[PDB]
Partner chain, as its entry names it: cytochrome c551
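Below you will find one chain, with nothing else, as structure tokens; this is the form solved without its partner chain, and questions on how it binds or moves follow later.
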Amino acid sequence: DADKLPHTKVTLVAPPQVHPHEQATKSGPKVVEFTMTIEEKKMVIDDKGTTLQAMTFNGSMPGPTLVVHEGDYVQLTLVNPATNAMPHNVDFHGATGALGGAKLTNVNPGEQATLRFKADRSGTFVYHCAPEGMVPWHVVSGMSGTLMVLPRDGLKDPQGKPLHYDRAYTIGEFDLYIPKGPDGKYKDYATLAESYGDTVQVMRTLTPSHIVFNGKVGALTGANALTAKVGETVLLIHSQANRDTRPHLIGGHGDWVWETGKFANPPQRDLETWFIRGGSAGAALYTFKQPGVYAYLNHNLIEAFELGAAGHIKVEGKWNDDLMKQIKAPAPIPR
């Protein structure tokens, strides 16, 4: 009986980081408690000052990643402060029943609720807001994130050998539908409510205006690049709650990848590019072998470079000429 299990509290951290956690654990099932507080806020999403009347869990896109182990119970207190203007709820693709929890968590501004479910299936799973009658708007406006449910004995390759990472990063990719006025410029709305009708018109075209990692063009670049070093193994968690994407790490690979994001299935290896179906989260492991600034992107290259679905990984360490060597630098064609 779950009420009699030990309860532990986890403090969530902002993306792209993930809160500390164990992979293989000797611990038995717990009720792991989390709190998230909804925040509606206008956000600048590109270098030209275009804004999004956004909606978020915990003030970020994506929402923070919640990690537990298979057999644990997730107990979330969802808070919708009075400072907000719209109702919300939460649907966990990792949960069973009641439309993922959305039926049991309808919180209007000024309310909160607490939900518990058993995390009985391992994998990366999307959670997102889903108010009846306007699910897409709330999702495309920013309300999604990942629940990672690791197996108790950690991650395994297809032969049962253990796989281990030194660091997890979480990337949420958001297809945005920002309206334009008659002058062809993006509209800037004084209120969330005012953005609704025009935004739904754009959504229905199925053509996003921007596709961003972690909330804006350039979110994971420059000072905010992800970081690693040669010999380090990273897990890259990638969520897309509404639309397909095809992650790729330029100059690297997916050493082991769960593109459908479910760890009881054997991963695939050596992938150049993988595929995250809209409404899911997948995960890739990679162990760096070369230093340099890598790009991690959606390999529809228009969506990456023109619409924003690209970030970087700055990697420290020593260059390996056996893996790759510039035999002759760019020079005049022999005459």
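Positions refer to the first chain, counted from 1.
One more form of this protein, deposited with its partner chain bound, exists but is not displayed; see below.
### Message
Is it the case that residue 194, even though its partner is missing from this view, gets within 4.5 Å of its partner chain in the deposited complex, heavy atoms only?
### Response
Residue 194: yes, in contact with its partner chain in the deposited complex.
#### Entry: Contact of residue 228 with its partner chain in the deposited complex (heavy atom, 4.5 Å)
Contact with its partner chain, no.
### Message
Does any part of residue 133 reach within 4.5 Å of its partner chain in the deposited complex? Heavy atoms only, please.
### Response
Within the cut-off, so yes.
### Heavy atom of residue 87 within 4.5 Å of its partner chain in the deposited complex
Flag for residue 87 set to yes.
### Query
From first to last in sequence, which residues of 104-120 have any non-hydrogen atom within 4.5 angstroms of its partner chain in the deposited complex?
Read in sequence order, the lone residue that approaches its partner chain (within 4.5 Å, in the deposited complex) is 108.
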